[PDB]
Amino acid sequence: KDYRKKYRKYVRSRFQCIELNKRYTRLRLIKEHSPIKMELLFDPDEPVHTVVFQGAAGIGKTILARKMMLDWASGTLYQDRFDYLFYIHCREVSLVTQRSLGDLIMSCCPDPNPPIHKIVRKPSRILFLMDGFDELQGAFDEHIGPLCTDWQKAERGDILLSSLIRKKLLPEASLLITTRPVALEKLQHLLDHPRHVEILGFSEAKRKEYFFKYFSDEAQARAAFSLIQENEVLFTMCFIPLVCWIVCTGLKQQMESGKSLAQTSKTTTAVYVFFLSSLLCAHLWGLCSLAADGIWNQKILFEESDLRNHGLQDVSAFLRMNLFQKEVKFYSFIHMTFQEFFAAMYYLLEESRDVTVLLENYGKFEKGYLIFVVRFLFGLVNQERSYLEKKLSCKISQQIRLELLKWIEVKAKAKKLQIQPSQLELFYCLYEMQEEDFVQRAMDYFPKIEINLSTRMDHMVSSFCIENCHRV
């Protein structure tokens, strides 16, 4: 408790903001994945040592992990349960760099010489918050071994995290892993009696709460939330807190002008393009090269030399303003969905690489699933679909549009080489491309239709596709 006080003081300062935390709006969380309360996550139904939080990209995994850190450090959360909470941001943990569990803990500390032998003294009093398992750069398979049992042994990041997840390293330490549903396949086979919880995002009421927290003027917030209520697609899409942030930020620029507020967006691509147009040109190519470079070479954090290579001298005021975020020399995109957006846009620009190579590594953990790169370029390729359309190549959009139909034809009726794309994921892809002549031709490749509906967003996307396969 001599060091515990010093440590909690650091946690109260580091997790003070989202990157204040007075914008935090309660998230819907469901056990047996039944709404759970955070204090009761580790309380048994024998003791609960591992808790997995599944959650779609932009649902708030990282925000809830930081709110957990801040609340614990304030003395509200797990007051009597944990002496130490270590936040492990997976985006930064090298799977190849040899490190010990000791160095991993020492990196979560303010001072250069922490009492690691004192911290490790009571392992049941430690809770490790592994944030964003899906964000681990490179491959991560079950075959990784031999498993480590020495917290001071330097092993590569994959053996280190595999041993910590399988509860071989500090077996009675508590673990909280947050992941995108896609990556759950890799993780499921390491997990020892996990308690699964599903992050469901905002309710219709807490969607309204977000809008009123964001627009500090009630009169602005009410008029900004009215646009979301009038639009079924935006209302539905807004259970995702990132979508709420994106919509709100765009409606702020539009708010400055005397032009009546209106967002006619019907697809995720159109939402992202509405956001990109609010913050608007010459630096739009360099952003795409940097994003698609990171997608293929597993780079989520971009050093000053990477931006130098991609001609971002420019990123000082323009890109850092709302498209980039400085961290800890080290800059990353506002979100990985935004990285996957520029990665897809890169393919559709008049001067782009081969689209067929991307589809070869779709659903592969190593490449990064590529869910939003594919899903975005289905909507971007859309001939019906901005100021950005002039920059997009009218010609190469048709070349990709034909390759996408050949791919959807293969995935629709083939022995699964990977779990992804699931039939629902293909429906999300098809929802982005709204062209009925494309969507009808694509729906003919489906032998059986699989309803696996979880959210009212899944109902929206799937009902759209099902309607497009009547076949007279």
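All residue numbers refer to positions in the sequence shown, first residue = 1. We call the rigid core whatever largest set of C-alpha positions still superposes within 1.5 Å between the two forms.
Larger average C-alpha displacement in 4 other deposited structures of this protein, relative to the shown form after a rigid core fit, is seen for 389 to 397 when comparing 389 to 397 with 222 to 230. Choosing between 195 to 203 and 137 to 145, the greater Cα displacement from the shown form in 4 other deposited structures of this protein, fitted by the core, goes with 137 to 145. Note: missing coordinates for residue 261 occur in none of the other compared entries bracketing this position, so the one-third threshold is not reached. Missing-residue comparison: residue 420 falls in the unmodelled set for none of the other PDB entries checked, so it is not missing from a third of them. A chain break between residue 328 and residue 329 is present, corresponding to 1 to 3 residues of the deposited sequence without coordinates. Mean CA temperature factor is higher for 315 to 323 when stretches 334 to 342 and 315 to 323 are set side by side in the entry.
Annotation for 152 to 160 versus 303 to 311: the higher mean temperature factor (C-alpha) is found in 303 to 311. Within the group 115, 145, 286, 368, the record's highest C-alpha temperature factor is found at 286.
The top Cα temperature factor in the record, among 257, 124, 100, 188, falls on 257. Among all modelled residues in its chain, residue 180 ranks in the lowest third by Cα B-factor. Remark: residue 83 belongs to the lowest third of its chain, ranked by C-alpha B-factor as recorded. Placement of the Cα temperature factor of residue 60 within the chain: lowest third of the modelled residues, per the deposited record. The PDB entry assigns residue 236 a C-alpha temperature factor belonging to the lowest third of its chain's modelled residues. The PDB entry assigns residue 452 a C-alpha temperature factor belonging to the middle third of its chain's modelled residues.
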